[PDB]
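Data first, discussion second: the structure below is written as structure tokens.
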There are 2 protein chains.
Amino acid sequence: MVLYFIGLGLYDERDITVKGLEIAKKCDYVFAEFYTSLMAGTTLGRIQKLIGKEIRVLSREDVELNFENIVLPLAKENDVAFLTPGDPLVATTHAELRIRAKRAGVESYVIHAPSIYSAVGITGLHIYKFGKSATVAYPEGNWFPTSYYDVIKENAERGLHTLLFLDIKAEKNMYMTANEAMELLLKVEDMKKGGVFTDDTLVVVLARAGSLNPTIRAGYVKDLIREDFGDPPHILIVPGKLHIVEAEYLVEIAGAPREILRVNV
Amino acid sequence: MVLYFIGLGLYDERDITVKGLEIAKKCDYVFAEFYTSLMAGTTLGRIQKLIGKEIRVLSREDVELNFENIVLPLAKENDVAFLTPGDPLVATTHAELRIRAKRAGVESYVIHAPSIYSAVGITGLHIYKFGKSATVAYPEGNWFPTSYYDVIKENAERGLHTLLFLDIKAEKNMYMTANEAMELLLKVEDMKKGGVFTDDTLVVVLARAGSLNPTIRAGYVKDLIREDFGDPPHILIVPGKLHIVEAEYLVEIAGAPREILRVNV
Ligand SMILES: Nc1ncnc2c1ncn2[C@@H]1O[C@H](CSCC[C@H](N)C(=O)O)[C@@H](O)[C@H]1O
């Protein structure tokens, strides 16, 4: 008996690691959630075909409120796998599920998969230069989230890049675009007026990482705010001070304005 | 006409993604580099057997000085794969290779795989709370680098965690242990006296991420400095203030002392 947390990766069913696949194929029961992220290059059917098992999809409520009632019971007498997009423990609250497993007397194992958190390396920005990360959440009712703005401010003051996860409402089939995130940031800027995010701010957009042809674009907010970056998911990055080689890659690979090559040391 | 940058993942030969494996199998030539890091849980022979292709290993010089003479010429008229440990382009020097490909008229695509940068999520520490990353380098001769100490200081004062990559002499298959890293940090503290790393500092050690049996341990330096964390590779993390959920995971999963629930939250 055992419970495996297995990541499926960034874009399609083949982003799962060989290790994850060989283990999932031999499990007795397979569960999964698809609300923490969007795998734009595959379908439940294609994933089921690859693993050769029927997959029971769980909702956020099933997991957060009933993981110990739906999954763990079976894990006490069978080999069970719980699949998630990307890496199962990145930008999710699934780590806490391992504590539930322990209390239920179930041993758990984690199988990693490519995560957007490290895939941003394809933007050419040095991974070690990324600071604190944040999530741009959709405003709801009278509540308008703004914490992500302070994160950018804090990182930028230290010359660090800021990775911005974008909101997702899987049940409503809503996936926040980089465009919508930029619009929200501009509104927060008008409020706090910190000079953190304006029309002249350089940003980087990465869409559908994991696919063979992801959209990688760099430029000023005023020019990219209404640009079509293709289907979701999207992630937005606000670079800090750039190293020359970072600027070169942004220009050569992400189509950034050649003027950024002239860094102000 | 195509060059594929393919990540091998975290630890052994099954950490490559299904996508990376199937693409590599289809390539006419397969190259690999093991100087940015090593794949401690496998061997070149096992990787070759899995891919079913002869693998030409390239040294740091082969790549940095002659990538365009060794790899690109073949990629100009064949499908070529370039394997790297972890996730491609996380290593800072990798990105520029895509520019070389472009200059040579060769198309390049990136096939991601798990990176230690994202795998640290298995420590229970929230990914968004990680700040700037650093590498602990062995001192030598009259050179005593200490920039990694400053990184911890700046992250911690902002309540952020610090991921510390440990020194590796790939060519010599030699790894710096978390124990050695802690001893070095205590030495730096004795020199700078910034109150950044002491016997009372809480640290987290993650060894052999990617394995089904990684070592995940959390506790105070005074107690972990001489503890055996198993075979390499080791990663050291100096958490910033903890969210109670992070602390509870460290206690339940990483064997942290109950004391962290009142001292580090
Ligand atoms: N392939 C992809 N391309 C671009 N952004 C992606 C992405 N996959 C995830 N994201 C981003 O991350 C958000 C989900 S956060 C959950 C991330 C997941 N555990 C992982 O390891 O990747 C999305 O709303 C989106 O903004």
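Ordering of the structure tokens sets the chain letters (A, B, ...); residue numbers start at 1 within each chain; ligands are numbered from 1 in the order shown.
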Quiz item: Could you list, as a ChimeraX atom specification, all the residues within 6 Å of ligand 1, counting only C-alpha atoms and all ligand atoms?
Solution: /A:10-11,36-37,85-92,115-116,165-168,206-210,233-235
Quiz item: Which parts of region 56-208 of chain A does DSSP call helix (DSSP H, G or I) when run on the backbone here, written out as a ChimeraX atom specification?
Solution: /A:60-70,72-75,95-103,116-123,127-129,147-157,170-172,178-192
Exercise. Write down, as a ChimeraX atom specification, each residue of chain A that has any atom within 7 Å of an atom of chain B, counting only C-alpha atoms.
Key: /A:14-19,89-91,95-96,99,109,111-115,117-119,121-122,124,126-134,210,212,249,252
Practice problem: Would you mind listing what lies within 9 Å of residue 262 (chain A) as a PyMOL selection string, with only C-alpha atoms counted and same-chain residues fewer than 4 positions away left out? | Solution: chain A and resi 244+247+258
Resulting file, chosen residues, C-alpha atoms, as a PDB file, in the first residue's frame:
ATOM      1  CA  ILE A 244      24.138  41.971 -20.649  1.00  0.00           C
ATOM      2  CA  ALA A 247      19.335  41.389 -22.530  1.00  0.00           C
ATOM      3  CA  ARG A 258      17.297  46.381 -29.206  1.00  0.00           C
TER       4      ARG A 258
END
Self-check item: Computed interatomic separation between CA of residue 75 (chain A) and CA of residue 58 (chain A) (Å)
Solution: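 According to the coordinates, CA of residue 75 (chain A) and CA of residue 58 (chain A) are separated by 15.7 Å.
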Self-check item: Distance of CA of residue 40 (chain A) from CA of residue 228 (chain A), expressed in Å to one decimal place
Solution: 16.4 Å
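For the set B:184, B:2, B:47, B:24, the residue with the smallest atom-to-atom gap to residue 76 (chain B) is B:2, counting only C-alpha atoms.
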Exercise. Quick one: everything within 12 Å of residue 220 (chain A), counting only C-alpha atoms, minus sequence neighbours fewer than 3 positions away in the same chain. Send it as a PyMOL selection string.
Key: chain A and resi 182+197-205+217+223-227+237-239+255-260
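When only C-alpha atoms are used to measure the gap to residue 5 (chain B), the shortest distance among B:81, B:30, B:41, B:151 belongs to B:81.
CA of residue 181 (chain A) lies 14.7 Å from CA of residue 231 (chain A).
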Practice problem: Considering only C-alpha atoms, state which residue in the set B:6, B:221, B:80, B:170 is at the smallest distance from residue 39 (chain B). | Solution: B:170
Quiz prompt | All strand (DSSP E or B) positions in region 123-209 of chain B, as a ChimeraX atom specification | solution = /B:130,134-136,140,143,161-166,168-169,174-175,202-207,209
Selection export as an mmCIF file, in the first residue's frame, atoms kept: N, CA and C atoms:
data_model
loop_
_atom_site.group_PDB
_atom_site.id
_atom_site.type_symbol
_atom_site.label_atom_id
_atom_site.label_comp_id
_atom_site.auth_asym_id
_atom_site.auth_seq_id
_atom_site.Cartn_x
_atom_site.Cartn_y
_atom_site.Cartn_z
ATOM 1 N N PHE B 130 10.722 31.593 -1.704
ATOM 2 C CA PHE B 130 12.152 31.520 -1.970
ATOM 3 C C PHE B 130 12.594 32.808 -2.640
ATOM 4 N N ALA B 134 21.753 31.118 -4.303
ATOM 5 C CA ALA B 134 23.199 31.280 -4.289
ATOM 6 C C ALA B 134 23.904 29.938 -4.287
ATOM 7 N N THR B 135 25.200 29.968 -4.573
ATOM 8 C CA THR B 135 26.016 28.761 -4.589
ATOM 9 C C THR B 135 27.139 28.906 -3.573
ATOM 10 N N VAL B 136 27.327 27.877 -2.756
ATOM 11 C CA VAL B 136 28.385 27.898 -1.757
ATOM 12 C C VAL B 136 29.623 27.310 -2.413
ATOM 13 N N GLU B 140 39.681 28.539 -1.371
ATOM 14 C CA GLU B 140 40.917 27.916 -1.836
ATOM 15 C C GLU B 140 42.046 28.929 -1.922
ATOM 16 N N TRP B 143 41.784 32.862 -1.504
ATOM 17 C CA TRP B 143 40.463 33.317 -1.913
ATOM 18 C C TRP B 143 39.381 32.740 -1.012
ATOM 19 N N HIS B 161 13.087 32.473 2.015
ATOM 20 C CA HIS B 161 13.964 31.305 2.142
ATOM 21 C C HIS B 161 15.119 31.428 1.159
ATOM 22 N N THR B 162 16.235 30.775 1.473
ATOM 23 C CA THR B 162 17.386 30.821 0.589
ATOM 24 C C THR B 162 17.819 29.424 0.164
ATOM 25 N N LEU B 163 17.786 29.180 -1.142
ATOM 26 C CA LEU B 163 18.220 27.901 -1.697
ATOM 27 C C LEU B 163 19.717 28.024 -1.961
ATOM 28 N N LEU B 164 20.491 27.106 -1.391
ATOM 29 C CA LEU B 164 21.933 27.117 -1.566
ATOM 30 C C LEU B 164 22.416 25.894 -2.325
ATOM 31 N N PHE B 165 22.845 26.115 -3.562
ATOM 32 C CA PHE B 165 23.391 25.040 -4.370
ATOM 33 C C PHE B 165 24.761 24.821 -3.744
ATOM 34 N N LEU B 166 25.192 23.570 -3.637
ATOM 35 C CA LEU B 166 26.493 23.289 -3.047
ATOM 36 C C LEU B 166 27.525 23.006 -4.134
ATOM 37 N N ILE B 168 30.334 21.641 -6.585
ATOM 38 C CA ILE B 168 30.515 20.340 -7.195
ATOM 39 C C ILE B 168 31.672 20.428 -8.180
ATOM 40 N N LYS B 169 32.533 19.423 -8.147
ATOM 41 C CA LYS B 169 33.658 19.349 -9.066
ATOM 42 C C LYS B 169 33.249 18.186 -9.952
ATOM 43 N N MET B 174 33.189 14.961 -7.309
ATOM 44 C CA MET B 174 33.275 15.331 -5.900
ATOM 45 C C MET B 174 32.189 16.339 -5.539
ATOM 46 N N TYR B 175 31.459 16.050 -4.464
ATOM 47 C CA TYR B 175 30.375 16.913 -4.007
ATOM 48 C C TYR B 175 30.609 17.502 -2.622
ATOM 49 N N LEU B 202 17.949 27.637 11.911
ATOM 50 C CA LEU B 202 17.200 26.482 11.437
ATOM 51 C C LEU B 202 17.559 26.286 9.970
ATOM 52 N N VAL B 203 17.907 25.057 9.600
ATOM 53 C CA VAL B 203 18.238 24.759 8.213
ATOM 54 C C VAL B 203 17.473 23.535 7.748
ATOM 55 N N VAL B 204 17.420 23.359 6.435
ATOM 56 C CA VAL B 204 16.757 22.206 5.849
ATOM 57 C C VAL B 204 17.737 21.611 4.853
ATOM 58 N N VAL B 205 17.887 20.294 4.904
ATOM 59 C CA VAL B 205 18.783 19.604 3.990
ATOM 60 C C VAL B 205 17.947 18.679 3.129
ATOM 61 N N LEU B 206 18.190 18.726 1.826
ATOM 62 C CA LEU B 206 17.490 17.859 0.889
ATOM 63 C C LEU B 206 18.570 17.127 0.107
ATOM 64 N N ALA B 207 18.614 15.810 0.257
ATOM 65 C CA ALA B 207 19.623 15.015 -0.431
ATOM 66 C C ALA B 207 18.978 14.020 -1.382
ATOM 67 N N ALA B 209 17.242 14.521 -4.241
ATOM 68 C CA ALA B 209 15.895 14.848 -4.709
ATOM 69 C C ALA B 209 15.723 14.083 -6.024
#
Quiz prompt | Selected residue of minimal separation from residue 53 (chain A) among A:74, A:153, A:29, A:261, counting only C-alpha atoms | solution =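 Closest to residue 53 (chain A) of all the choices is A:29.
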Quiz prompt | residue 144 (chain A) surroundings by only C-alpha atoms, 12 Å radius, close-in-sequence under 4 positions cut, as a list in words | solution = residues 136, 137, 138, 139, 140, 148, 149, 184, 185, 187, 188 and 191 of chain A
Would you output that residue set with N, CA, C and O atoms, as a short mmCIF file (atom, residue, chain, number, x, y, z; two decimals), in the first residue's frame?
data_model
loop_
_atom_site.label_atom_id
_atom_site.label_comp_id
_atom_site.auth_asym_id
_atom_site.auth_seq_id
_atom_site.Cartn_x
_atom_site.Cartn_y
_atom_site.Cartn_z
N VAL A 136 -1.08 36.92 -9.40
CA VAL A 136 -2.00 38.00 -9.75
C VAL A 136 -3.38 37.37 -9.74
O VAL A 136 -3.73 36.59 -10.62
N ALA A 137 -4.17 37.70 -8.71
CA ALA A 137 -5.51 37.15 -8.57
C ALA A 137 -6.60 38.07 -9.09
O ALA A 137 -6.49 39.30 -8.99
N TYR A 138 -7.64 37.47 -9.65
CA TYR A 138 -8.77 38.21 -10.19
C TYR A 138 -9.49 38.94 -9.06
O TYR A 138 -9.69 38.38 -7.98
N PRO A 139 -9.86 40.21 -9.27
CA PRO A 139 -10.56 40.92 -8.21
C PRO A 139 -11.94 40.28 -8.12
O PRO A 139 -12.46 39.79 -9.13
N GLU A 140 -12.54 40.27 -6.93
CA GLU A 140 -13.87 39.70 -6.76
C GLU A 140 -14.70 40.55 -5.82
O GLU A 140 -14.30 40.82 -4.69
N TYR A 148 0.74 41.39 -4.86
CA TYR A 148 1.74 41.11 -5.89
C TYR A 148 2.53 42.35 -6.32
O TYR A 148 3.68 42.25 -6.73
N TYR A 149 1.90 43.52 -6.21
CA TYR A 149 2.56 44.76 -6.58
C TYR A 149 3.73 45.03 -5.63
O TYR A 149 4.80 45.46 -6.05
N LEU A 184 -4.39 44.89 -14.67
CA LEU A 184 -4.61 44.97 -13.22
C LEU A 184 -3.44 45.69 -12.55
O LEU A 184 -3.65 46.53 -11.66
N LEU A 185 -2.22 45.37 -12.96
CA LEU A 185 -1.03 46.00 -12.40
C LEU A 185 -1.02 47.51 -12.65
O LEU A 185 -0.65 48.29 -11.77
N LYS A 187 -3.56 49.40 -12.88
CA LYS A 187 -4.56 50.00 -11.99
C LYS A 187 -4.02 50.11 -10.56
O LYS A 187 -4.31 51.07 -9.85
N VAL A 188 -3.24 49.11 -10.15
CA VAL A 188 -2.66 49.14 -8.81
C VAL A 188 -1.63 50.26 -8.74
O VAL A 188 -1.48 50.92 -7.72
N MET A 191 -2.98 53.58 -8.03
CA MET A 191 -3.38 53.68 -6.64
C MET A 191 -2.21 53.97 -5.71
O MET A 191 -2.22 54.96 -4.98
#
